[PDB]
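Have a look at the structure below, then the notes.
Computed from heavy atoms alone, side chains included, the values below leave out hydrogens, waters and symmetry copies. We number each residue from 1, following the sequence as shown.
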Amino acid sequence: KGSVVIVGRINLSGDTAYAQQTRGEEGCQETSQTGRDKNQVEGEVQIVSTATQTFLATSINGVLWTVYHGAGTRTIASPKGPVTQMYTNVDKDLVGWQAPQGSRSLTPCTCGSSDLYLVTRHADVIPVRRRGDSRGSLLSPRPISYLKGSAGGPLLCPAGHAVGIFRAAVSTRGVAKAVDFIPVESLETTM
Ligand SMILES: C=C[C@@H]1C[C@]1(NC(=O)[C@@H]1C[C@@H]2CN1C(=O)[C@H](C(C)(C)C)NC(=O)O[C@@H]1C[C@H]1CCCCCc1nc3ccc(OC)cc3nc1O2)C(=O)NS(=O)(=O)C1CC1
Ligand SMILES: [Zn+2]
């Protein structure tokens with residue numbers, strides 16, 4: 001099993017929400033084996049890939065977070081070498097590494113706003129309302145297809161702070177009504 005390789009970012013740089021591929025299939029395959037990745041990394045939200053899976057990962061106060069169901073127990077490739085997991089919790093579906101060289105980090109939310117925004121692998125910013133600790137209702141029903149591959153991605157409050165990490169979609173008859181996420185509180189207890 002190779003290392004997770006950062007293959008793009010979801011950009012909230014300026015006044016538009018958009019994804020950028022920064023590596024291709026073959027070169028990803030090459031980098032996973034060794035774990036040595038020179039590539040220019042930027043930003044808070046990374047697109048990350050394994051041999052079979054592509055998903056998201058979000059840096060929040062110096063730690064890159066994602067889902068175990070995506071990342072398994074794998075290292076993540078870095079300029080120096082494979083980077084071992086800092087945090088690992090299979091029940092929470094959570095893994096964390098040190099935040100990558102080049103990254104920015106989001107700040108945990110302190111607002112307690114319930115208006116939230118899920119950022120997807122397609123670079124859509126989808127509005128969500130807080131349902132409670134770890135659930136949030138989409139204002140606009142989507143098929144599961146649409147959200148698939150956006151695990152590891154942030155739910156942001158209106159200040160652009162992180163509320164949590166997208167974990168799963170609450171679906172009936174193929175339609176996501178709500179989403180499940182790992183709250184920052186739970187990260188900050190995991191830390
Ligand atoms: C729509 C996008 C959605 C974010 C995505 N997540 C999933 O697909 C998860 C993974 C798996 C099933 N998922 C679901 O979302 C299901 C599904 C019907 C399939 C939508 N929904 C669901 O259970 O609803 C129940 C209320 C919630 C209860 C919570 C479920 C538990 C979460 C979960 N935890 C663990 C911990 C450890 C494991 O060890 C290997 C494995 C796990 N697997 C898990 O669920 C995603 O995009 N992934 S991804 O990016 O495509 C892939 C590359 C990584
Ligand atoms: Zn906030």
Side-chain angles (χ1 to χ4, degrees), residues 2-24 27-28 31-32 34-35 37 39 41-72 74-83 85-87 93-97 99-100 102-103 105-109 116-120 122-128 146-167 179 181-182 184 187:
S3 310
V4 180
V5 182
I6 284 187
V7 295
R9 65 188 69 131
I10 301 306
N11 223 251
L12 321 160
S13 55
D15 38 323
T16 279
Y18 72 92
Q20 339 176 185
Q21 187 176 348
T22 75
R23 160 161 316 267
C28 174
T31 298
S32 172
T34 62
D37 195 341
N39 242 324
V41 169
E42 307 182 45
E44 296 83 350
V45 176
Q46 311 298 320
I47 306 166
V48 302
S49 291
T50 64
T52 50
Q53 301 199 314
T54 302
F55 53 98
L56 302 186
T58 310
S59 188
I60 309 174
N61 289 351
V63 184
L64 192 66
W65 303 97
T66 191
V67 284
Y68 180 84
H69 80 269
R74 302 169 169 90
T75 52
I76 188 176
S78 81
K80 308 190 68 158
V83 171
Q85 296 194 347
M86 201 164 254
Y87 304 101
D93 199 25
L94 185 72
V95 312
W97 301 278
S103 60
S105 284
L106 291 161
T107 315
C109 190
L116 306 179
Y117 301 92
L118 171 56
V119 183
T120 71
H122 308 334
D124 301 316
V125 177
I126 298 170
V128 175
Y146 189 80
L147 310 185
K148 181 224 162 315
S150 293
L155 288 80
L156 305 158
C157 68
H161 303 153
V163 162
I165 301 287
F166 183 34
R167 181 167 54 197
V179 292
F181 58 90
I182 308 169
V184 263
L187 275 39

Ring-plane angle category for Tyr146 and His122, please: parallel below 30°, perpendicular beyond 60°, tilted otherwise.
perpendicular

Evaluate side chain to side chain contact (heavy atoms under 4.5 Å, CB included) for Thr75 paired with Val83, printing each intermediate quantity in order.
CA-CA 5 Å; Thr75 52; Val83 171; 5.7 Å; no

Separation between OG1 of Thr22 and CG of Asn39, rounded to the nearest 0.5 Å
5.0 Å

Does the side chain of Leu56 come within less than 4.5 Å of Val119's, by heavy atoms?
no

Can you measure from CZ (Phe55) to CD1 (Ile47) and round to the nearest 0.5 angstrom?
12.0 Å

Please give me the minimum heavy-atom distance between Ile165 and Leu187, naming the atom from each residue.
CG1-CD2, 4.4 Å

Is a side-chain N or O of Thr58 found less than 3.5 angstrom from the main chain of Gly152, in a donor-acceptor match?
yes

At their closest point, which heavy atom of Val95 faces which heavy atom of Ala71, and how far apart are they?
CG2-CB, 3.6 Å

Between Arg74 and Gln85, the two heavy atoms sitting closest are O-NE2, 3.3 Å

For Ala162, which residues count as a side-chain contact (heavy atoms from CB on, under 4.5 Å) partner, sequence neighbours excluded?
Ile60, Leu106, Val184

Just verifying a value: how many Å separate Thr107 OG1 and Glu44 CD, rounded to the nearest 0.5 Å?
9.0 Å

Any side-chain heavy atom of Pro100 sitting closer than 4.5 Å to one from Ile6?
yes

Reference residue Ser13; test side-chain hydrogen bond (donor to acceptor under 3.5 Å, both in side chains); the match among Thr16, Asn11, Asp15:
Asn11

Checking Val179 against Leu118 for the side chain to side chain contact (heavy atoms under 4.5 Å, CB included) test, could you report, in this order, the C-alpha distance in whole Å, the side-chain angles of both residues, the deciding distance, and whether it holds?
CA-CA 9 Å; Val179 292; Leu118 171 56; 4.0 Å; yes

Is any side-chain heavy atom of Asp37 closer than 4.5 Å to one of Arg23?
yes

Hey, does the side chain of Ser49 reach the backbone of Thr54 with a donor-acceptor pair shorter than 3.5 angstrom?
no

Is a side-chain donor or acceptor of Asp124 paired with a backbone partner of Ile126 at a separation under 3.5 angstrom?
no

So does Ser59 get a backbone contact from the side chain of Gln46, meaning a donor-acceptor N/O pair under 3.5 Å?
no

Considering all heavy atoms of both residues, which atom of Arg9 and which atom of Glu42 are nearest to each other, and what is their separation?
NH1-OE2, 3.2 Å

Check the pair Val128, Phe181 against side chain to side chain contact (heavy atoms under 4.5 Å, CB included), reporting the backbone distance first and the verdict last.
CA-CA 12 Å; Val128 175; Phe181 58 90; 5.9 Å; no

Inter-residue atom distance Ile76.CD1 - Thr50.OG1, 0.5 Å rounding
11.5 Å

Non-hydrogen atoms of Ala151 and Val67 that approach each other most closely:
CB-CG2, 3.5 Å

Intermediate values then yes/no, side chain to side chain contact (heavy atoms under 4.5 Å, CB included), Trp97 and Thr66
CA-CA 9 Å; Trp97 301 278; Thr66 191; 3.6 Å; yes

Would you confirm whether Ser32, through its side chain, and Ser3, through its main-chain N or O, come within 3.5 Å as a donor-acceptor pair?
yes

Spatial distance of atom CH2 (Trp65) from atom CE (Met86) [nearest 0.5 Å]
9.0 Å

